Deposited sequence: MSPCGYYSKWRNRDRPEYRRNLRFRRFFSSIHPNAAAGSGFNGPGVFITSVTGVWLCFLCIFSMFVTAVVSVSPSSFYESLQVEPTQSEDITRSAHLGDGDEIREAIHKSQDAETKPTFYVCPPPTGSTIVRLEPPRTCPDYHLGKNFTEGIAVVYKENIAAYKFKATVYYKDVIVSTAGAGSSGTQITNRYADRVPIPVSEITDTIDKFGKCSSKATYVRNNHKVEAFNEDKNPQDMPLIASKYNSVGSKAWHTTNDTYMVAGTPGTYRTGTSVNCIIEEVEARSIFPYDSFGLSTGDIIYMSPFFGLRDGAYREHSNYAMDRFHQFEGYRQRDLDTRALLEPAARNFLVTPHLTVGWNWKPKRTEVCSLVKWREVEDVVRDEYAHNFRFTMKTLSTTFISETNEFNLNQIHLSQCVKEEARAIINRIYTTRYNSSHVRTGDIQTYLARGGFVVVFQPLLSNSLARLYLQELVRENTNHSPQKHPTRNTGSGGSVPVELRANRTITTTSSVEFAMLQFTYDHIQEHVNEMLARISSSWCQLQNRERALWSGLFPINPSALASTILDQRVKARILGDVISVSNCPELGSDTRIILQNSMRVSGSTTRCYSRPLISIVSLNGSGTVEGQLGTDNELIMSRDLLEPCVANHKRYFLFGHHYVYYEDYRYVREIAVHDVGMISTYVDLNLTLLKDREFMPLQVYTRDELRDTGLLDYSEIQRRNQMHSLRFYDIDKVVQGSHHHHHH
């Protein structure tokens, strides 16, 4: 309980002030030039090129067995896969669905031969393998591996020739100098090698006499026994097999870029000296330079422009035909992360390769930040602008009310207890020091004027007693604990006089110009001019490196791992034999 009182000497012209004129209201130069449009986004093509081929070979197996007392012992099993010559394929397999039981091939630089069962050659019917199914089909001529034992003491040799044709899956990866077959065999020729249309400049590691190409060739369907439709067919004979595949030109088969997403609602704007492609349907934003990117700098990029045009046309005439018009030709941009943006601008009526990143998350982040930034910026700019207009409006209240109570308004603006006077169009102020220690303040009981019955004091009389005996002042209780050094606040005595005057931390209650009681300030109910506004803060948050699958998991999805099998199995000599022991 510490009551502070004030004393207010009259204002000399020592300190004159004026009310600050209205402020110029802020301007945030938001609003950007944009352009609506359609986009097709492309990514680096990382997928192998896939096609169908057929392998033609013979399993040749030569076995030497010795018969003994106990039984038969195999002394040698020489197994070899040999290519079926093109002549056999064209004149026997594809005409009759048969294959010779004699293998005719070269090995160790010699023309050599082998006869199934060591009998005279017959053209054997090609029969579907029992595991044939939709997917992988194959045909063969025997189920047997001919070998002959004979009578004890002797070594006999027998030959097995099994003529085999498999349909296989072929794969090739950029730059397409070779292809791999699902038998494990690698073919060191481009899948696009041929004799027409410059295709003879494709890569190959084989002498030309191993390669054959037949226009309008007709392959036999071994199951239906019928001829399939004519197509240019390649045959290449390698030392272990012949491969056959239907030739297609490279131009129509591979592309280094592939469609990632076609995008109907796109807005492009100039943003930090770049182009920004905001795609609200993907919650994704891509950023390129303002310069178009020339796709001709990229190997095999021909598919993109044409395919993009067709897509964009489909878009335009389906959802934009009435509403917008195209304002130029298509444009192409290289976005951050290695994405190719193919952009068609609209208007409403009113030699490298590209490496594409593995995640578009950064571009979703980019979108999410931009969206939030744009929205809170626009809202902050409105608050800011409205606040300014509000202060400027309210100045008129301050200015209009100032003559009614200059001291009270000035004291609030200056955050300081002052006395103020109006001097024409200007305010004159003076400081009201706090009443000091060693002073006592006595409240007088009567607000009546001595010797009058019609004239009263409008506020209580007080005497200010110096406790050290300097003197006593006869003043009155002003407002807000101000003490006035005179008694010139007077009024006509009213009937039914009831007043509460603030006195320190109490209200002091008078009736009929006489003191009645002291009341605690806290005993008087409050009403509030304060409009509540309760703003709280965004709290701290820690994001964890959440993963769906670890790197270990993602490498643990396959049947076998090559390196693991090799590590374990090349030990075999070391684990089960002594490689260091030498018999003398």
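Chemist: Need the unmodelled segments of the deposited chain, numbered from 1, in order.
Modeler: Coordinates drop out over 1 to 114, 465 to 502, 737 to 744.
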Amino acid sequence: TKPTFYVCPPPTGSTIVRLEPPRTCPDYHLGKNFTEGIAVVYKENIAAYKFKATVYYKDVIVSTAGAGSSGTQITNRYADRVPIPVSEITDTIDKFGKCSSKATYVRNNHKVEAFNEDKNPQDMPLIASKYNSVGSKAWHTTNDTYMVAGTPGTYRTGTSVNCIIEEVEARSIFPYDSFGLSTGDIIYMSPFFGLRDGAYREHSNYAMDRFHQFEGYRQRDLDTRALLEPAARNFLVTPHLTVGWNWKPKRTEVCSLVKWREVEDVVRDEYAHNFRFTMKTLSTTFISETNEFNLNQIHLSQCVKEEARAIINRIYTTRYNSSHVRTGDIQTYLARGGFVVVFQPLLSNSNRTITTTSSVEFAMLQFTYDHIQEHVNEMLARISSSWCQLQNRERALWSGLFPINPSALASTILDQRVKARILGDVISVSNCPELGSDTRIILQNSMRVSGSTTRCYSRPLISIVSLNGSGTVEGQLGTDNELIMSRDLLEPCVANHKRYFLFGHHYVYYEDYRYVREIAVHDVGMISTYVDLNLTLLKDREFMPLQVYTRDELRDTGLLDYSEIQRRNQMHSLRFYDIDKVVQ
From here on, numbers count along this sequence of modelled residues.
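Chemist: Return whichever of 11 to 19 and 561 to 569 has the greater mean Cα B factor according to the PDB record.
Modeler: Comparing 11 to 19 with 561 to 569, the higher average CA B-factor belongs to 11 to 19.
Chemist: Comparing 327 to 335 with 77 to 85, where is the mean C-alpha B-factor higher?
Modeler: Per the deposited B-factors, the answer is 327 to 335.
Chemist: Sorting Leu423, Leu443, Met379, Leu257 by Cα temperature factor from the record, which one lands on top?
Modeler: Max CA B-factor in the entry, restricted to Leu423, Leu443, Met379, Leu257: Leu443.
Chemist: Given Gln391, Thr454, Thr356, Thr145, identify the residue with the highest C-alpha B factor in the PDB entry.
Modeler: Top of the list by C-alpha B-factor: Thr454.
Chemist: Is the Cα B-factor recorded for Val55 in the lowest, middle or highest third of its chain?
Modeler: Lowest third, going by the recorded CA B-factors of the chain.
Chemist: Compared with the other modelled residues in the chain, in which third is the CA B-factor of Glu292?
Modeler: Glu292: CA B-factor falls in the highest third of its chain.
Chemist: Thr439: which third of its chain by C-alpha temperature factor?
Modeler: Answer is highest: the recorded C-alpha B-factor places it there.
Chemist: Among the modelled residues of its chain, does the C-alpha B-factor of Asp540 lie in the lowest, middle or highest third?
Modeler: It falls in the bottom third of the chain.
Chemist: What third of the chain, by the recorded C-alpha B-factor, contains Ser528?
Modeler: For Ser528, the deposited C-alpha B-factor lands in the lowest third.
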